[PDB]
């Protein structure tokens, strides 16, 4: 592949500036499964010398289906942390369902599914609709400002808060904790600890369960979450459903600003197909990883026991062999077999429909209250080597 020497698809330095679209496309053409070597002290907390970069949609899907071979437990699924992270701080992330394997995963996913039935998510619809409309109304009123803060941030948080029945009086502190919890190495957030906020939120979660969806989860059925499991559940959601859906909203609106015909069409018909195009295009989670528990031949590459594989959803979502005109934003996209919510398999995003609803509700409200919104200045990107984040985006709502 024509890539610079020692180029690392997980390098936070890249994502601080841009998405490496041209580099991904190069791999898809020249080396769709490619060993991304990492020098010592530069593996983002991993010290195994590198990982297999997975760039093709079907390979991402194959990995995600074969979780009997490709493990989330062994090194967790987050492929990049601060280079100096202690291993202990990686391993502790095995206490969330995301970073478990069968049979422990199966049991927790089965219980936590109580929270995510279409009926449970459907019940949140009206309050989130009301919240979305008021958010949009308040941003329109303010004239201009930070679209991330004023429009993208709060609804995903309210969706988490509503699913859990957090009292309104407690939502402020909950959101504060949640917003310090998804680790990054960005200089704007250098003074934030993850650790303290996580401890403090698990403390609240376990007090909440003590005082008591929360009911369904901690009530015996005789499967129930233990109080610490409920805590681990809440801490997981604070990361899983926060900056993920936020960046779908930010970058979907960015897509609309760049594709004014799509925005015009959206405002008329709010089509059913928009949310999934927004997710495909935003690809909030750039990459998650797995560790091979045995040797596995994947598209002619001999993957070895113990090696990491990094599924770059940002590549797979633009796979030219699958998506017609992948680099066209098409809100009527059909079909749309994207992996923005993961490959289908044991770990496929449990919050996918909760995210779609959040997305439709906010964009309906934006179309309603700020139909002529225009950016004032460039998005500011988050320094993360797995999260595709926009910290700030100054826009003129009128």
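Positions refer to the first chain, counted from 1. For the two forms, the rigid core is made up of the largest set of C-alpha atoms that agree within 1.5 Å on superposition.
- Core-fitted comparison in 9 other deposited structures of this protein shows that, between 279-287 and 264-272, the CA atoms farther from the shown form belong to 264-272.
- The segment moving more, judged by mean Cα distance from this form in 9 other deposited structures of this protein after a core overlay, is 175-183 among 146-154 and 175-183.
- Counting the unmodelled positions of the deposited sequence between residue 221 and residue 222 gives a small gap of 1 to 3 residues.
- The entry shows a gap from residue 212 to residue 213, with 4 to 9 unmodelled residues of the deposited sequence in between.
- Stretches 137-145 and 295-303 differ in mean CA B factor, with 137-145 having the higher one.
- The mean C-alpha temperature factor is higher for 107-115 when 78-86 and 107-115 are set side by side.
- The PDB entry assigns its highest CA temperature factor, among 255, 192, 155, 240, to 192.
- Comparing the C-alpha B-factors of 373, 339, 365, 54 in the entry, the top value falls on 373.
- Sort the chain's modelled residues by C-alpha temperature factor and residue 263 lands in the middle third, per the entry.
- When the modelled residues of the chain are ordered by C-alpha B-factor, residue 169 sits in the highest third.
- Placement of the Cα temperature factor of residue 29 within the chain: highest third of the modelled residues, per the deposited record.
- Residue 204: CA B factor lies in the highest third for its chain, per the PDB record.
- When the modelled residues of the chain are ordered by their C-alpha B factor, residue 335 lands in the highest third.
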